[PDB]
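Visitor: Input structure: entry.txt, which contains compact mmCIF, N, CA and C atoms.
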```
# COMPACT_ATOMS: atom_id res chain seq x y z
N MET A 1 -34.30 -132.78 -92.21
CA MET A 1 -33.90 -132.49 -93.61
C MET A 1 -35.14 -132.21 -94.45
N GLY A 2 -34.94 -131.57 -95.60
CA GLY A 2 -36.05 -131.24 -96.48
C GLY A 2 -36.75 -129.97 -96.03
N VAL A 3 -36.26 -129.38 -94.94
CA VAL A 3 -36.85 -128.15 -94.41
C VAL A 3 -35.94 -126.96 -94.70
N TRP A 4 -35.82 -126.61 -95.98
CA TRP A 4 -34.97 -125.49 -96.39
C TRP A 4 -35.77 -124.49 -97.22
N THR A 5 -35.68 -123.22 -96.84
CA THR A 5 -36.37 -122.16 -97.56
C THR A 5 -35.87 -120.79 -97.09
N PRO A 6 -34.58 -120.65 -96.95
CA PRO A 6 -33.95 -119.38 -96.50
C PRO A 6 -34.15 -118.26 -97.52
N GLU A 7 -33.66 -117.07 -97.18
CA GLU A 7 -33.78 -115.92 -98.07
C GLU A 7 -33.31 -116.28 -99.47
N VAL A 8 -32.61 -117.41 -99.58
CA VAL A 8 -32.09 -117.83 -100.87
C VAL A 8 -33.23 -117.96 -101.88
N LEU A 9 -34.30 -118.63 -101.47
CA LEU A 9 -35.45 -118.79 -102.34
C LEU A 9 -36.05 -117.43 -102.67
N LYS A 10 -36.17 -116.58 -101.66
CA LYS A 10 -36.73 -115.25 -101.84
C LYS A 10 -35.82 -114.43 -102.75
N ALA A 11 -34.52 -114.63 -102.60
CA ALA A 11 -33.55 -113.90 -103.41
C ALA A 11 -33.70 -114.31 -104.88
N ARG A 12 -33.93 -115.59 -105.11
CA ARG A 12 -34.09 -116.10 -106.46
C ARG A 12 -35.39 -115.58 -107.07
N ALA A 13 -36.46 -115.67 -106.29
CA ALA A 13 -37.76 -115.19 -106.75
C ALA A 13 -37.75 -113.67 -106.84
N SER A 14 -37.13 -113.04 -105.85
CA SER A 14 -37.04 -111.58 -105.81
C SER A 14 -35.82 -111.10 -106.59
N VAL A 15 -35.04 -112.05 -107.10
CA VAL A 15 -33.85 -111.73 -107.86
C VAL A 15 -32.88 -110.90 -107.03
N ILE A 16 -33.21 -109.63 -106.84
CA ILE A 16 -32.36 -108.73 -106.05
C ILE A 16 -32.80 -108.70 -104.60
N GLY A 17 -31.84 -108.71 -103.69
CA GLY A 17 -32.15 -108.69 -102.26
C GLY A 17 -32.98 -107.47 -101.90
N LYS A 18 -33.98 -107.67 -101.04
CA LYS A 18 -34.85 -106.58 -100.63
C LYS A 18 -35.80 -107.05 -99.53
N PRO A 19 -35.26 -107.55 -98.45
CA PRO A 19 -36.08 -108.06 -97.30
C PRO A 19 -36.88 -106.94 -96.63
N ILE A 20 -38.13 -107.24 -96.31
CA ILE A 20 -39.00 -106.26 -95.66
C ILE A 20 -38.84 -106.33 -94.15
N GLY A 21 -38.68 -105.18 -93.50
CA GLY A 21 -38.53 -105.15 -92.05
C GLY A 21 -39.89 -105.16 -91.37
N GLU A 22 -40.23 -106.28 -90.74
CA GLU A 22 -41.51 -106.42 -90.05
C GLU A 22 -41.71 -107.85 -89.57
N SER A 23 -42.88 -108.11 -89.00
CA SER A 23 -43.21 -109.44 -88.51
C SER A 23 -43.24 -110.44 -89.66
N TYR A 24 -43.76 -109.99 -90.81
CA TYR A 24 -43.85 -110.86 -91.98
C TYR A 24 -42.50 -111.49 -92.27
N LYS A 25 -41.43 -110.86 -91.78
CA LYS A 25 -40.08 -111.37 -91.99
C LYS A 25 -39.71 -112.36 -90.89
N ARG A 26 -40.47 -112.33 -89.80
CA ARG A 26 -40.22 -113.22 -88.68
C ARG A 26 -40.38 -114.67 -89.11
N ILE A 27 -41.44 -114.94 -89.87
CA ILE A 27 -41.69 -116.29 -90.34
C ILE A 27 -40.54 -116.77 -91.21
N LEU A 28 -40.03 -115.87 -92.04
CA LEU A 28 -38.93 -116.20 -92.92
C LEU A 28 -37.65 -116.42 -92.12
N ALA A 29 -37.49 -115.65 -91.05
CA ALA A 29 -36.31 -115.76 -90.21
C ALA A 29 -36.32 -117.08 -89.43
N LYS A 30 -37.50 -117.49 -88.99
CA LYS A 30 -37.63 -118.73 -88.24
C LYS A 30 -36.88 -119.86 -88.93
N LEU A 31 -36.67 -119.71 -90.23
CA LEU A 31 -35.97 -120.72 -91.00
C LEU A 31 -34.56 -120.90 -90.47
N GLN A 32 -33.93 -119.79 -90.11
CA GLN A 32 -32.57 -119.84 -89.59
C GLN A 32 -32.53 -120.69 -88.32
N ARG A 33 -33.48 -120.46 -87.42
CA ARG A 33 -33.53 -121.21 -86.18
C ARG A 33 -33.90 -122.66 -86.45
N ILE A 34 -34.88 -122.85 -87.33
CA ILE A 34 -35.33 -124.19 -87.68
C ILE A 34 -34.19 -124.97 -88.34
N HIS A 35 -33.47 -124.30 -89.23
CA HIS A 35 -32.36 -124.94 -89.93
C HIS A 35 -31.47 -125.68 -88.94
N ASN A 36 -30.84 -124.94 -88.03
CA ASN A 36 -29.97 -125.54 -87.03
C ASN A 36 -30.78 -126.40 -86.05
N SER A 37 -31.94 -125.89 -85.66
CA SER A 37 -32.81 -126.59 -84.72
C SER A 37 -33.70 -127.59 -85.45
N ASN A 38 -33.31 -127.93 -86.67
CA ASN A 38 -34.09 -128.86 -87.48
C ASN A 38 -34.48 -130.07 -86.65
N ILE A 39 -35.71 -130.56 -86.87
CA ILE A 39 -36.21 -131.73 -86.14
C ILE A 39 -35.62 -131.80 -84.73
N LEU A 40 -35.67 -130.67 -84.02
CA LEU A 40 -35.12 -130.60 -82.67
C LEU A 40 -36.24 -130.65 -81.65
N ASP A 41 -36.07 -131.50 -80.63
CA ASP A 41 -37.08 -131.64 -79.59
C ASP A 41 -37.64 -130.29 -79.19
N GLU A 42 -36.79 -129.28 -79.21
CA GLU A 42 -37.21 -127.93 -78.86
C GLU A 42 -38.03 -127.31 -79.98
N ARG A 43 -37.60 -127.53 -81.21
CA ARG A 43 -38.30 -126.97 -82.35
C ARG A 43 -39.62 -127.69 -82.58
N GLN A 44 -39.73 -128.91 -82.06
CA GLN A 44 -40.95 -129.68 -82.23
C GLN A 44 -42.17 -128.87 -81.79
N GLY A 45 -42.02 -128.13 -80.70
CA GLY A 45 -43.11 -127.31 -80.20
C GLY A 45 -43.38 -126.15 -81.15
N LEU A 46 -42.31 -125.51 -81.61
CA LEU A 46 -42.44 -124.39 -82.52
C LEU A 46 -43.03 -124.85 -83.85
N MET A 47 -42.65 -126.05 -84.26
CA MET A 47 -43.13 -126.60 -85.52
C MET A 47 -44.65 -126.47 -85.61
N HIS A 48 -45.34 -126.80 -84.53
CA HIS A 48 -46.79 -126.72 -84.51
C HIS A 48 -47.26 -125.29 -84.74
N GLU A 49 -46.67 -124.35 -84.00
CA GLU A 49 -47.03 -122.95 -84.14
C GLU A 49 -46.64 -122.44 -85.51
N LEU A 50 -45.57 -123.01 -86.06
CA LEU A 50 -45.10 -122.58 -87.36
C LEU A 50 -46.17 -122.83 -88.42
N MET A 51 -46.75 -124.01 -88.39
CA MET A 51 -47.78 -124.36 -89.36
C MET A 51 -49.01 -123.48 -89.18
N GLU A 52 -49.40 -123.28 -87.93
CA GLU A 52 -50.57 -122.46 -87.63
C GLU A 52 -50.28 -120.99 -87.93
N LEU A 53 -49.07 -120.56 -87.61
CA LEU A 53 -48.69 -119.18 -87.84
C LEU A 53 -48.75 -118.85 -89.33
N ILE A 54 -48.26 -119.77 -90.15
CA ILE A 54 -48.26 -119.56 -91.59
C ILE A 54 -49.68 -119.44 -92.11
N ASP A 55 -50.56 -120.29 -91.60
CA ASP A 55 -51.95 -120.29 -92.03
C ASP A 55 -52.58 -118.93 -91.79
N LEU A 56 -52.11 -118.25 -90.75
CA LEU A 56 -52.64 -116.93 -90.42
C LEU A 56 -51.94 -115.84 -91.23
N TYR A 57 -50.70 -116.11 -91.61
CA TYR A 57 -49.92 -115.15 -92.39
C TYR A 57 -50.17 -115.32 -93.88
N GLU A 58 -50.54 -116.52 -94.28
CA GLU A 58 -50.78 -116.80 -95.68
C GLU A 58 -51.98 -116.00 -96.19
N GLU A 59 -52.99 -115.87 -95.33
CA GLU A 59 -54.20 -115.14 -95.68
C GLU A 59 -54.06 -113.67 -95.30
N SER A 60 -53.05 -113.37 -94.49
CA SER A 60 -52.87 -112.00 -94.02
C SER A 60 -52.68 -111.04 -95.18
N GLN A 61 -51.65 -111.28 -95.99
CA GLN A 61 -51.36 -110.42 -97.15
C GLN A 61 -51.65 -111.14 -98.46
N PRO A 62 -51.25 -112.39 -98.57
CA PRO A 62 -51.46 -113.18 -99.80
C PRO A 62 -52.69 -114.07 -99.71
N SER A 63 -53.84 -113.42 -99.64
CA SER A 63 -55.12 -114.12 -99.59
C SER A 63 -55.63 -114.37 -101.01
N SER A 64 -54.88 -113.90 -102.00
CA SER A 64 -55.29 -114.06 -103.40
C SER A 64 -55.07 -115.50 -103.86
N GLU A 65 -55.13 -116.43 -102.91
CA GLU A 65 -54.95 -117.84 -103.22
C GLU A 65 -53.48 -118.14 -103.52
N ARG A 66 -52.65 -117.12 -103.40
CA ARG A 66 -51.23 -117.27 -103.66
C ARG A 66 -50.57 -118.14 -102.60
N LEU A 67 -51.26 -118.34 -101.50
CA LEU A 67 -50.74 -119.17 -100.42
C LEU A 67 -50.35 -120.54 -100.96
N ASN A 68 -50.90 -120.89 -102.12
CA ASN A 68 -50.61 -122.18 -102.73
C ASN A 68 -49.11 -122.34 -102.92
N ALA A 69 -48.45 -121.25 -103.29
CA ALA A 69 -47.00 -121.28 -103.48
C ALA A 69 -46.30 -121.52 -102.15
N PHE A 70 -46.85 -120.94 -101.09
CA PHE A 70 -46.28 -121.10 -99.76
C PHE A 70 -46.69 -122.44 -99.16
N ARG A 71 -47.73 -123.04 -99.73
CA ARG A 71 -48.21 -124.32 -99.24
C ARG A 71 -47.09 -125.35 -99.30
N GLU A 72 -46.15 -125.15 -100.21
CA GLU A 72 -45.03 -126.06 -100.35
C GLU A 72 -44.20 -126.05 -99.07
N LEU A 73 -44.10 -124.88 -98.47
CA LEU A 73 -43.34 -124.74 -97.23
C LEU A 73 -44.03 -125.49 -96.10
N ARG A 74 -45.35 -125.38 -96.05
CA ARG A 74 -46.13 -126.04 -95.01
C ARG A 74 -45.93 -127.54 -95.08
N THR A 75 -45.74 -128.04 -96.29
CA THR A 75 -45.53 -129.47 -96.48
C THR A 75 -44.30 -129.92 -95.71
N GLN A 76 -43.24 -129.13 -95.79
CA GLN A 76 -42.01 -129.45 -95.08
C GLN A 76 -42.28 -129.54 -93.58
N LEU A 77 -42.99 -128.55 -93.06
CA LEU A 77 -43.33 -128.53 -91.65
C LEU A 77 -44.22 -129.70 -91.30
N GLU A 78 -45.15 -130.00 -92.19
CA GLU A 78 -46.06 -131.10 -91.97
C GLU A 78 -45.29 -132.42 -91.92
N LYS A 79 -44.36 -132.58 -92.87
CA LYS A 79 -43.54 -133.78 -92.92
C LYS A 79 -42.64 -133.86 -91.70
N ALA A 80 -42.10 -132.71 -91.31
CA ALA A 80 -41.22 -132.66 -90.15
C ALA A 80 -41.93 -133.20 -88.92
N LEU A 81 -43.22 -132.91 -88.82
CA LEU A 81 -44.01 -133.37 -87.70
C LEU A 81 -44.06 -134.89 -87.68
N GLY A 82 -43.74 -135.50 -88.81
CA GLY A 82 -43.74 -136.95 -88.92
C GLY A 82 -42.67 -137.55 -88.03
N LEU A 83 -41.64 -136.76 -87.74
CA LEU A 83 -40.54 -137.22 -86.90
C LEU A 83 -40.00 -138.55 -87.39
N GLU A 84 -40.19 -138.82 -88.68
CA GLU A 84 -39.71 -140.06 -89.27
C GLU A 84 -38.19 -140.04 -89.34
N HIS A 85 -37.57 -141.19 -89.07
CA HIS A 85 -36.11 -141.30 -89.11
C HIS A 85 -35.65 -141.82 -90.46
N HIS A 86 -35.56 -140.91 -91.43
CA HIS A 86 -35.12 -141.28 -92.77
C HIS A 86 -33.60 -141.13 -92.90
N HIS A 87 -32.97 -140.64 -91.84
CA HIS A 87 -31.52 -140.45 -91.86
C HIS A 87 -30.80 -141.76 -92.14
N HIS A 88 -31.06 -142.77 -91.30
CA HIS A 88 -30.43 -144.08 -91.48
C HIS A 88 -28.99 -143.94 -91.96
N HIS A 89 -28.05 -143.87 -91.02
CA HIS A 89 -26.63 -143.72 -91.35
C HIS A 89 -25.76 -144.44 -90.32
N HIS A 90 -24.68 -145.07 -90.79
CA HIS A 90 -23.79 -145.79 -89.88
C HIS A 90 -22.90 -144.81 -89.12
```
Will you turn the file into structure tokens for me?

Guide:
Amino acid sequence: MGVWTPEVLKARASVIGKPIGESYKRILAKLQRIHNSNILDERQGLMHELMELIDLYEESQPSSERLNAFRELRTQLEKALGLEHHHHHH
């Protein structure tokens, strides 16, 4: 949980839908897989690459220090790596 950032956020920031076709969209798409595969033993491996991948994509186009805005996303991935069980439910 706490790992949500689908096109919804981009739609709000971008107001009108307008997804770019390319790899840069791959990172955004990974959200769909992560969503369902949230904190999933399988996603655990991807989680690591996700954080590293972003670090390479953050400077790729948005090197204007704008990565700070995306840094919020990395936090979710970083926290996810905590594998902490905050669910606690009967």

Visitor: Have a look at atom CA of residue 3 of chain A and atom CA of residue 63 of chain A and let me know their distance in Å, one decimal.

Guide: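 Computing the Euclidean distance for atom CA of residue 3 of chain A and atom CA of residue 63 of chain A yields 23.6 Å.
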
Visitor: Calculated over only N, CA and C atoms, which of the candidates A:87, A:77, A:11, A:16 has the smallest distance to residue 48 of chain A?

Guide: A:77

Visitor: Among chain A, which residues carry a DSSP assignment of helix (DSSP H, G or I), reported as JSON, numbers by chain?

Guide: {"A": [7, 8, 9, 10, 11, 12, 13, 24, 25, 26, 27, 28, 29, 30, 31, 32, 33, 34, 35, 36, 41, 42, 43, 44, 45, 46, 47, 48, 49, 50, 51, 52, 53, 54, 55, 56, 57, 58, 67, 68, 69, 70, 71, 72, 73, 74, 75, 76, 77, 78, 79, 80]}

Visitor: Quick one, how far is atom CA of residue 45 of chain A from atom C of residue 80 of chain A?

Guide: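 Calculated distance between atom CA of residue 45 of chain A and atom C of residue 80 of chain A is 10.6 Å.
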
Visitor: Find the distance between atom CA of residue 9 of chain A and atom CA of residue 89 of chain A and write it in Å to one decimal.

Guide: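 Rounded to one decimal, the two atoms are 28.6 Å apart.
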
Visitor: Which residue, A:37, A:44, A:23, A:64, has the smallest gap to residue 78 of chain A when you use only C-alpha atoms?

Guide: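 Residue with the minimum atom-to-atom distance to residue 78 of chain A: A:44.
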
Visitor: Looking at only C-alpha atoms, which of A:70, A:32, A:6, A:86 is the one that sits closest to residue 51 of chain A?

Guide: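 The answer is A:70, which sits nearest to residue 51 of chain A.
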
Visitor: Counting only C-alpha atoms, figure out which residue out of A:65, A:60, A:2, A:12 gets nearest to residue 31 of chain A.

Guide: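 Of the candidates, the smallest distance to residue 31 of chain A is held by A:2.
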
Visitor: Of the candidates A:15, A:7, A:82, A:76, which shows the shortest atom-to-atom distance to residue 29 of chain A, using all atoms listed in the file?

Guide: A:7
